[PDB]
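This report concerns only the one structure given below.
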Amino acid sequence: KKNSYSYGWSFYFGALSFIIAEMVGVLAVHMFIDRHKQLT
């Protein structure tokens, strides 16, 4: 019944790809606030 399954380390790359893809979009907005402060 899929006894004692482990998620290996391919899945943890997809797990780690989530945190990086947000931390880009974290930083992408922080640039965007500056460039409309720069238009201000």
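Letters for chains follow the order of the structure tokens (A, B, ...), residue numbers begin at 1 for each chain, and ligand numbers begin at 1 in the order shown.
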Practice problem: Return as a VMD selection string the full set of residues in chain A whose backbone-based DSSP assignment is alpha helix (DSSP H). | Solution: chain A and resid 11 to 37
Would you output that residue set with C-alpha atoms, as an mmCIF file, in the first residue's frame?
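part_32.cif written:
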```cif
data_model
loop_
_atom_site.group_PDB
_atom_site.id
_atom_site.type_symbol
_atom_site.label_atom_id
_atom_site.label_comp_id
_atom_site.auth_asym_id
_atom_site.auth_seq_id
_atom_site.Cartn_x
_atom_site.Cartn_y
_atom_site.Cartn_z
ATOM 1 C CA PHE A 11 10.571 16.493 -4.940
ATOM 2 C CA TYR A 12 12.592 18.657 -2.573
ATOM 3 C CA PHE A 13 13.848 20.572 -5.594
ATOM 4 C CA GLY A 14 10.255 21.298 -6.532
ATOM 5 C CA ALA A 15 9.761 22.163 -2.879
ATOM 6 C CA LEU A 16 12.755 24.491 -3.007
ATOM 7 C CA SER A 17 11.670 25.894 -6.356
ATOM 8 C CA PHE A 18 8.587 27.308 -4.670
ATOM 9 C CA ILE A 19 10.572 29.342 -2.153
ATOM 10 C CA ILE A 20 12.872 30.810 -4.795
ATOM 11 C CA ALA A 21 10.019 31.613 -7.187
ATOM 12 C CA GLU A 22 8.336 33.633 -4.463
ATOM 13 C CA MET A 23 11.552 35.277 -3.258
ATOM 14 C CA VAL A 24 11.992 36.520 -6.800
ATOM 15 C CA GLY A 25 8.450 37.899 -6.751
ATOM 16 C CA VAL A 26 9.148 39.243 -3.291
ATOM 17 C CA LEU A 27 12.063 41.183 -4.694
ATOM 18 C CA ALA A 28 10.367 42.066 -7.979
ATOM 19 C CA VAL A 29 7.717 44.098 -6.194
ATOM 20 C CA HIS A 30 10.366 45.826 -4.063
ATOM 21 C CA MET A 31 11.938 47.049 -7.273
ATOM 22 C CA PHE A 32 8.563 48.122 -8.624
ATOM 23 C CA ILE A 33 7.764 50.293 -5.626
ATOM 24 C CA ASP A 34 11.068 52.118 -6.122
ATOM 25 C CA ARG A 35 10.464 52.806 -9.810
ATOM 26 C CA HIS A 36 7.146 54.459 -9.036
ATOM 27 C CA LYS A 37 8.782 56.272 -6.172
#
```
